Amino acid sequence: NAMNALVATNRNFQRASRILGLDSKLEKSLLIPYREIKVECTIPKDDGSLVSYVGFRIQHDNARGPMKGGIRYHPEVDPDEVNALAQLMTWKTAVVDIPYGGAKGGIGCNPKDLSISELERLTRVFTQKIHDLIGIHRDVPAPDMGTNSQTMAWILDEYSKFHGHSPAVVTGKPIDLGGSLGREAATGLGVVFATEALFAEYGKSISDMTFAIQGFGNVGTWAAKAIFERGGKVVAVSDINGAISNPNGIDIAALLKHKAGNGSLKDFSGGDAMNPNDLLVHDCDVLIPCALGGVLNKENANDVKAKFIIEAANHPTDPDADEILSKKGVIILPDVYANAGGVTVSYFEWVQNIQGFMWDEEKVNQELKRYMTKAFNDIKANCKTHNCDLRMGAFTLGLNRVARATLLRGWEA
């Protein structure tokens, strides 16, 4: 089904390089990651027996600043996937013009199969094995699929044994350990700010549309909530265990309460249970993938009903699907812009930490809006001077900014 994640991302990178006319030698430098790290992570389970994993940290580019990107605990984590995600962070940070490069990490494990004490030990061992490589001004992790603010607390705590109290070494922290107000909701809310900027160009409002949402974690819950509050009609939601639909709109606040009491989507009373395999091809105006990458591919792209796709997940649409969907008249707001709210507020968390003084939530949200608005305006102008679609307008915008910084730094030893 899914195209190789790194093959897909490199095809977009090649398409973007051609638009900019990049010299092949500069292009090759920008493609190769700065550093790839794979480390053994062996822990005792709660009964004392050993389990061994491999942890990864791919540091793709640091021309524009310390590297930035989250840590995924998921059974399909592998070098290709982490490499593709890391490269995308390099472009995304540059799209929103925050002073970071790109990185990504992960462990190939299933968190549902580990106890909370095992997850803590695994997280601390991973931190021990990379403590030299990450750092406030080197590489700053954060959550991603299968990790959360408690995971980041353990990274902070273990890292600080080696280098002293270092709040800014990781973002997505709990509020009570130096996290930023607004960070938990930031990706989902930024999706909404990105969607509003796009709909403004077409003269539409969120309240005009129906929505289908794949995935219901940190990104999908906050995105659905924010859409729901602004009058959007959310007609289907899936997660790994099932899905729920309602053509008149799901009461998202009620669905989230039901979820917080350990209810499953399929059992929610204000909707009809559905097969999650039918989510991406469900009738809707706007489709928002909020789970795995590569899920829109040559096999299902012709059956997409949506007129808009908002890429909240990282690389949910492969290049085969891009072209099919373009010919169906579908507009795709690309991941490196639409889901950048998270890393943007991560930047603000990091700033607050190094300034030793936290901001109020209204300032975090004012700055998020300003960053997301400016990035969209830059993409629009870039699509014009280069006469390209939104994915390429954002991709070339970030790639060109990375090239500039790379060229200023130079190459002598």
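Start at 1 with the first residue shown and count on from there.
A.B. asks: Can you tell me whether 28-36 has a higher mean C-alpha B factor than 376-384 in this record, or the other way round?
C.D. replies: Of 376-384 and 28-36, the stretch with the higher C-alpha B-factor average is 376-384.
A.B. asks: Mean CA B-factor: is it higher for 144-152 or for 321-329?
C.D. replies: Mean B over CA atoms: larger for 321-329.
A.B. asks: From the list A194, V169, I130, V286, select the residue with the highest C-alpha B factor recorded in the entry.
C.D. replies: Spelled out: the listed residue with the top C-alpha B-factor is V286.
A.B. asks: Highest Cα B-factor in the deposition, which of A86, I107, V95, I240?
C.D. replies: Most elevated C-alpha B-factor of the set, per the entry: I240.
A.B. asks: Compared with the other modelled residues in the chain, in which third is the CA B-factor of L296?
C.D. replies: Highest third, going by the recorded CA B-factors of the chain.
A.B. asks: Relative to the other modelled residues in the chain, which third contains the C-alpha temperature factor of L177: lowest, middle or highest?
C.D. replies: Ranked within chain, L177 CA B lands in the lowest tercile.
A.B. asks: Lowest, middle or highest third of the chain for the C-alpha temperature factor of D272?
C.D. replies: Answer is highest: the recorded C-alpha B-factor places it there.
A.B. asks: Against its chain's modelled residues, does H282's Cα B factor rank lowest, middle or highest third?
C.D. replies: Top third by C-alpha B-factor.
A.B. asks: What third of the chain, by the recorded C-alpha B-factor, contains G164?
C.D. replies: Tercile = middle for this residue's CA B-factor.
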